[PDB]
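Below is one structure, written out as structure tokens, with a few remarks after it.
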Amino acid sequence: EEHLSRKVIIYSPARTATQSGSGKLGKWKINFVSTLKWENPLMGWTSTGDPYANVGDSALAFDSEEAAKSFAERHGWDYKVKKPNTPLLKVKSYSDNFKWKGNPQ
Amino acid sequence: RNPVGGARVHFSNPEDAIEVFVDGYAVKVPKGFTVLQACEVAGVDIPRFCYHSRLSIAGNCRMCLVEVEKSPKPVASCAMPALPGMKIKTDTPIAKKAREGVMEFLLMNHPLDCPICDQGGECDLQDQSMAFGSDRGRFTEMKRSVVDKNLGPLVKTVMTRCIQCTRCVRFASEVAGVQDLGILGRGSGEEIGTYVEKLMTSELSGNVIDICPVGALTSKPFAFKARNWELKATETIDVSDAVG
Amino acid sequence: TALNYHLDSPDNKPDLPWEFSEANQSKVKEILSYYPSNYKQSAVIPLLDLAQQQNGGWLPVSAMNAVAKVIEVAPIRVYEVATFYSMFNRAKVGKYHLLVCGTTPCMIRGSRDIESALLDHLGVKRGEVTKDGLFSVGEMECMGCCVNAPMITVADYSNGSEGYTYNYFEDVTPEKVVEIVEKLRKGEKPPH
Amino acid sequence: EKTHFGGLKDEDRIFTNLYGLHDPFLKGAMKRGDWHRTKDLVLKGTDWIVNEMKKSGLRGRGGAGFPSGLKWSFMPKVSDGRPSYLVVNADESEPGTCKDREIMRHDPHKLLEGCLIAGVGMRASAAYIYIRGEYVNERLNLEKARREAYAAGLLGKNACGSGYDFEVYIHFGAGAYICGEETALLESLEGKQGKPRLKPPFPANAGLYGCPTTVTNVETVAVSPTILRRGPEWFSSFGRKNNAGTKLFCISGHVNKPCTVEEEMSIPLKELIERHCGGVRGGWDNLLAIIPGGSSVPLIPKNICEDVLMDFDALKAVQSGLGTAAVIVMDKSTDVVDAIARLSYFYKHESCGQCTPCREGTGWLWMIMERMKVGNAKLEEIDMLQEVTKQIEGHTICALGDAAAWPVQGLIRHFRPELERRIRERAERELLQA
Amino acid sequence: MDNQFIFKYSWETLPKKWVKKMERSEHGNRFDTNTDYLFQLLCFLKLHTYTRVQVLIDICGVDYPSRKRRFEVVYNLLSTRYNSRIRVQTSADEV
Amino acid sequence: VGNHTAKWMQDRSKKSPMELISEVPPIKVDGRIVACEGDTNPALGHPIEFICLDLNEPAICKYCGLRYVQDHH
Amino acid sequence: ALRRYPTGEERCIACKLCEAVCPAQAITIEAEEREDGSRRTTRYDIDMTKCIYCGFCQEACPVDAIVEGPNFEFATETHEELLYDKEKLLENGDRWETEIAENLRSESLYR
Amino acid sequence: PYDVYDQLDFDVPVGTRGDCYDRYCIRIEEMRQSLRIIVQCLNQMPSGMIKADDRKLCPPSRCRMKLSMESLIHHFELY
Ligand SMILES: Cc1cc2nc3c(=O)[nH]c(=O)nc-3n(C[C@H](O)[C@H](O)[C@H](O)COP(=O)(O)O)c2cc1C
Ligand code: SF4
Ligand code: SF4
Ligand code: SF4
Ligand code: SF4
Ligand code: SF4
Ligand code: FES
Ligand code: FES
Ligand SMILES: [Zn+2]
């Protein structure tokens, strides 16, 4: 009812820039944009009242773009799809390091 | 098979393509691709440290060694061009043993710093040690040690962790266009530095933090503040200029 | 005590002026003439050698910055070269650099019988120059096969680039090495 | 002859001024036969010179022993705009070798005429002679000989009146053993750190300045004119098949009279030491181990030395190499474990540090070998020492990493009981003392 | 009565339309069936002389959000007569 | 006394740990390298840390804060 | 309890291993570079009412900084007194150090 | 059977009436059989490791973790 009209983002998380390994891609997430948190005035702990605080990152997951879209539409959420960026493999040669500079101009 | 990371491959012409075998499976790559790039198209993840797609090939870490048929030695896939009919094997006892031996040499002088190191939890060296070299350590001698260097208020330096991949040096020359970083000395005593005391002034200097595979170059303003597993990641855009 | 970095000192800092002497500009020009004009960097090693000869046998950071200017490269690329090769001295040596205490081929014939006598007659430790600025003792690098000689090397930086000599001496004994030092002090070139 | 090899006569010797009794300069060199009718040799064309080199069976004298003619033929026939370079390797920093130094000292004009002959045989417009940094006196000798050749018209534009322009320049190093490696020499000649390159590219396709390049030893280059003038069949008449020609030998260590001599290839090692160098100090029975050529090949024990011949194939079959033909002889009084640990120090010191298994592994080998020198090790560390050598070998950018593992591998293979005993004696001293 | 005998004998004797998937493994012999046949398959296994599956250890559900029928219902069963266990699974959705 | 300590320490009777480790004099070492374990019994200390002493200023163990210097040069 | 080195410096270097392994999520840590460049916590809270007293934190710590000591008599009259901050934990370490150190010497032969 | 229950001697008491009194007698008899098993475990207890040696699943010792890079990496990953 109340939590079924929130709008979500369906996306496939990119690769971390701090590591060269590509083993965390291919997954599709549903982002609930839970951005209502504050500090508890006793210990400084981070508080929330939003039930979808971490379920979008901890438990819910999808192996395909279609599966995430189907799940969102069955529950009635308004979704926007962000297509992932992919690298373009280009021709690289080690011999390029020693390319001739040509005749002196 | 899906190329690693979903990477796209562009073909100038279907005529300009060659056939190689990656672990028996057959892949088609453009002419001029390396053995490592062919392995990515096959969907096989080769371990690497010195190789960066956006930097010139160096071939010094020796972690990308694979077995090539009719080749007498293990082959550094990051530098070796792919040839038609090439048979590339990555999980053979020769390739696995090469990876374990190199990983042993990498950790020989590496400092026991994972607890105090900001790369901990997002470290290629940690992940590849757990995966490829599952060696019980047998190095009992004295480790080498290096003094830290001052590069300014953005890049914190712990140079005992450096594995001498030269990604930072190559980035400084090729991408930043400011030639301040070099590799000084020779042998196991070689040190990355600027030799004379100078700060990294390039406006792209902070990118050496991302490319350093170990915690040798880290963000000074982010130092010790968080572990990567406790951070929520949001994909967005920058509004500091008109580039997005 | 060679280090892979530099710390500023009054006689070695980047703001000290340093340039090739007018009598050395001709040598600089002819050295550059051996290589394509867009491949000047090939001259870094002979130019660093000439800078070392002019500056009394060592390279201050200003001398390195001067070579980098001639070959038109960033100074870090010159620092890489000067630190990689062992023939370049980045700290002060005496007018006569004495190189001793060889490697594998000469230790078999007892090469470690010459160094201590040298420091004892000279009155310094290895790596530091004498009070009069004449002699320093350094690590020799060996060639050949060490067949008939516990040997020593003498680098003569006492007459700039126009009197530089780099000679090897054979059959050197704890006596004979001293005879070399005394002739070197008096100016006579010892026979080799 | 075909049966036995050795006893090379004065008349078949190539380097006729090895002992420095005559003048090494232009007047004396022409007297001995250098620069004799050089114009006609180069007018026979590139293809003829390469063919004669191929027929002569000349192999690379820098240690690898690659066939010289096939290697010259790798150079492009038609230029794609890029010039072609010849580089002469005169950077012999290997302990125990002085053959190239003696060539530059007493026959510089052989090197200079070999430079031109090789340059025509490679279609190269210029040659660079990379000399070792500490060969200061040798370099000044070479520059004087070069100035002599330029004034006489033998070098430079219209070399010897033939219309082939050939420049010869002289470069020198600054004290690094690794710079003798062919690709590291190229980098050092470019003004960078002497760090070897990976292959491919190969130097014949992208070498100096990214231009087609051949790097060859001083000895290989200095013998091409004499092979051309006397004919390939005379040169191939010495040595066994595939090991043709003559070799410069230098024998040091525990011999009665050490000397550098020029001798027929494939001469028996025992004959070589007993005929030119008196004999092992104390007799042949006193011999313990011999390093055949240079400290970059494994040692061989006494039983192997008895009939092994000094050529590429014979020493390969007993897990060694000809190398630089620098014969180091050790009698029974030498501490072989100390000698190997001393070599392990040299390779750790001389490693350029570029690649991981050599940069880190050479230091590990030295540390263990220093511990094994006094027995401060366990018996199972000998097996571990063997495995660390295998982790280095074949996994490095260049061949210095292999040359670091070979002396240790030879020690374990031939003198393991000596290491085991040193560990036992130390353990016995530990038990009683405390 | 080992898992080799159960897999083979069930293939020969069960009506073919009941079982859509058969997995023989050291993790457990598993029979996947359509929902309309689950009751009959469980009555066969209980009453048949060569199976005698008399004990239902438990029934559990598993949620698979990426599937059209997101729920998997798993029946872990036991034969004390033949000292053997069997897993029978079927899929279901929210309605 | 600093801002880092004032976030948690609300008692000024004792000195802060940053003050206390600053008063331990640097340890003289004969050599250019020292290994620090943080304890006499290595198993009760911190992971072994090798510290280079080539710089004039004293070198700090990144685990326990002990400072080391070269004794002679 | 939180422990110090004999010099008075804290053992904890804010690795956050204890926070990650804690099955009850009872540990909260904030850290930053200290004025002398040291890697130290500015906040170390254990909620004693969420903690299950499993000892996983003490196993995970690489520098023997956090320990479960021998005290079991610490009942309180308020819930907030069982929210331990960093200073309370370091006070516990000072009071119980002699017994904790002896216990660690005893158990160092098994771990 | 699992672990070392196949190398141990014990009886399995069963009832004959299936009422509360049999189940009481079985639980009493099961404590006597548990006592019997404990004695055999005490006597047959061998020396050796108490943790599987594989270095991907078991924590290193404290001394190893503080002295070996590989062990520290494994400890960091495991916890
Ligand atoms: C560490 C190392 C040092 C070398 N030093 C020399 C050298 O001093 N002189 C030389 O001719 N070749 C040396 N080489 C061999 C060269 O790489 C190359 O094979 C040789 O110069 C080619 O000469 P050649 O074909 O005429 O024999 C060295 C190789 C290595 C790996
Ligand atoms: S870089 Fe840091 S986290 Fe990675 S292995 Fe080295 S010390 Fe551990
Ligand atoms: S500092 Fe980092 S990027 Fe630079 S060489 Fe060392 S490990 Fe590589
Ligand atoms: S093997 Fe040794 S000398 Fe050769 S490139 Fe590698 S580190 Fe340098
Ligand atoms: S004992 Fe320590 S690890 Fe266990 S729940 Fe409590 S705080 Fe967490
Ligand atoms: S108490 Fe130990 S495990 Fe927890 S953050 Fe501090 S050092 Fe790390
Ligand atoms: S990744 Fe190919 S060698 Fe470093
Ligand atoms: S004493 Fe032999 S080279 Fe120095
Ligand atoms: Zn410490």
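In this analysis, Cβ positions are derived from the backbone assuming ideal geometry, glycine residues included, and neighbour counts consider all displayed protein chains. Bear in mind that the values in this text are calculations on the coordinates, not laboratory data.
Quick notes on this one:
- Test: residue D:114 is in contact with a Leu (Cβ under 7 Å, 6 or more places away or on another chain), among the small types (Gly, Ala, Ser) and in a helix (DSSP H, G or I): no
- Screening the stretch C:3-101 for helices (runs of 4 or more DSSP H) wholly inside it with 1 or more residues that are among the acidic types (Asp, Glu) returns the ranges C:22-32, C:44-54, C:75-84.
- Residue check for residue G:14: assigned to a loop (DSSP other than H, G, I, E, B) and within 14 Å of chain F (Cβ to nearest Cβ): yes
- Of residues in the stretch C:97-123 being more than 19 Å from residue D:326 (Cα to Cα) and within 14 Å of another protein chain (Cβ to nearest Cβ), the one nearest to ligand 6 (Cβ to nearest atom): C:101
- Test: residue in the stretch B:215-233 that is within 13 Å of another protein chain (Cβ to nearest Cβ), part of a loop (DSSP other than H, G, I, E, B) and within 21 Å of residue A:85 (Cα to Cα): yes
- Within the span defined as the stretch B:159-168, one or more residues are within 16 Å of ligand 9 (Cβ to nearest atom) and buried (at least 22 other Cβ atoms within 10 Å of the Cβ).
- For residue D:120, the criteria (1) surrounded by fewer than 22 Cβ atoms within 10 Å (Cβ to Cβ); (2) in contact with a strand residue (DSSP E or B) (Cβ under 9 Å, 6 or more places away or on another chain) hold in every case but one, which is (1).
- Note on the stretch B:18-64: among residues that are buried (at least 20 other Cβ atoms within 10 Å of the Cβ) and polar (S, T, N, Q), the one that is nearest to ligand 1 (Cβ to nearest atom) is B:60.
- Against the numbered list (1) assigned to a helix (DSSP H, G or I); (2) without any contact (Cβ under 8 Å) to a residue 40 or more places away in the chain; (3) within 7 Å of another protein chain (Cβ to nearest Cβ); (4) more than 16 Å from ligand 6 (Cβ to nearest atom), residue B:172 comes up short only at (3).
- Residue tally, condition more than 7 Å from chain C (Cβ to nearest Cβ) and without any contact (Cβ under 8 Å) to a residue 12 or more places away in the chain, over the stretch B:175-202: 1
- Selection count where residues are within 15 Å of the chain's Cα centre (by Cα), outside any loop (DSSP other than H, G, I, E, B) and either more than 13 Å from ligand 6 (Cβ to nearest atom) or β-branched (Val, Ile, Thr) (or both), scope the stretch G:17-62: 8
- The conditions of being among the hydroxyl-bearing types (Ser, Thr, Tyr), away from chain C (no Cβ under 14 Å) and either within 16 Å of ligand 3 (Cβ to nearest atom) or closer than 23 Å to residue B:187 by Cβ (or both) are not met by residue D:220.
- Filtered residue count, the stretch F:35-67, keeping only those that are in contact (Cβ under 8 Å) with a residue 24 or more places away in the chain, closer than 26 Å to residue G:101 by Cα and either basic (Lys, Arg) or more than 16 Å from ligand 6 (Cβ to nearest atom) (or both): 3
- Filter result for the condition that a residue is in contact (Cβ under 8 Å) with a residue 40 or more places away in the chain and part of a helix (DSSP H, G or I), over D:148, D:92: D:148
- Residues located in the stretch G:35-62, provided they are away from chain H (no Cβ under 14 Å) and more than 25 Å from residue F:65 (Cβ to Cβ): G:47, G:48, G:49, G:50, G:51, G:52, G:53
- Long-range neighbours under 7 Å by Cβ, at least six apart or interchain, first residue assigned to a helix (DSSP H, G or I) within the stretch D:15-42, second of a type in the set (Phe, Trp, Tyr): D:29/D:35; D:42/D:164
- Counting only helices (runs of 4 or more DSSP H) that sit completely within the stretch H:20-79, those holding 2 or more residues that are away from chain B (no Cβ under 14 Å) and not polar (S, T, N, Q) correspond to H:20-44.
- Subset of the stretch G:63-99 (residues that are more than 14 Å from chain H (Cβ to nearest Cβ), within 15 Å of ligand 5 (Cβ to nearest atom) and either among the aliphatic types (A, V, I, L, M) or under 11 Å from the mean Cα position of the chain (by Cα) (or both)): G:68, G:69, G:82, G:83, G:84, G:85, G:86, G:88, G:89, G:92, G:93
- The number of residues in the stretch A:30-39 being facing chain B (nearest Cβ under 10 Å) and either under 10 Å from the mean Cα position of the chain (by Cα) or farther than 29 Å from residue A:4 by Cβ (or both) comes to 1.
- Of the residues making up the stretch C:123-176, those that are of a type in the set (A, V, I, L, M) and either touching a residue at least 60 places away in the same chain (Cβ under 8 Å) or within 16 Å of ligand 5 (Cβ to nearest atom) (or both) number 1.
- When the stretch F:30-60 is limited to residues that are part of a loop (DSSP other than H, G, I, E, B) and of a type in the set (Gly, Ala, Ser), the one that is farthest from the other protein chains (Cβ to nearest Cβ) turns out to be F:31.
- Test for residue D:101: is it in a helix (DSSP H, G or I) and more than 16 Å from ligand 5 (Cβ to nearest atom): yes
- Pick from the stretch D:138-186, criterion within 16 Å of ligand 4 (Cβ to nearest atom) and touching a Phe, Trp or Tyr at 6+ places or on another chain (Cβ under 6 Å), ranking: farthest from the other protein chains (Cβ to nearest Cβ): D:185
- Looking across the stretch G:83-103, just one residue is free of Cβ contacts under 8 Å to residues at least 60 places away in the same chain and among the aromatic types (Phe, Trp, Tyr), and that is G:84.
- When the residues of the stretch C:137-183 are filtered to those that are in a loop (DSSP other than H, G, I, E, B) and of a type in the set (A, V, I, L, M), the one that is farthest from the other protein chains (Cβ to nearest Cβ) is C:172.
- Filtered residues of the stretch A:65-81 (kept if within 14 Å of chain B (Cβ to nearest Cβ), exposed (fewer than 15 other Cβ atoms within 10 Å of the Cβ) and not β-branched (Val, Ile, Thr)): A:80
- Search result, residues across the stretch E:15-49 that are of a type in the set (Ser, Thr, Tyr) and surrounded by 13 or more Cβ atoms within 10 Å (Cβ to Cβ): E:33, E:37
- Within the stretch C:22-33, the set of residues being more than 14 Å from chain A (Cβ to nearest Cβ) and surrounded by 15 or more Cβ atoms within 10 Å (Cβ to Cβ) comprises C:24, C:27, C:28, C:31.
- Members of the stretch C:128-152 that are among the small types (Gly, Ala, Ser), within 17 Å of the chain's Cα centre (by Cα) and within 21 Å of residue D:346 (Cα to Cα): C:138
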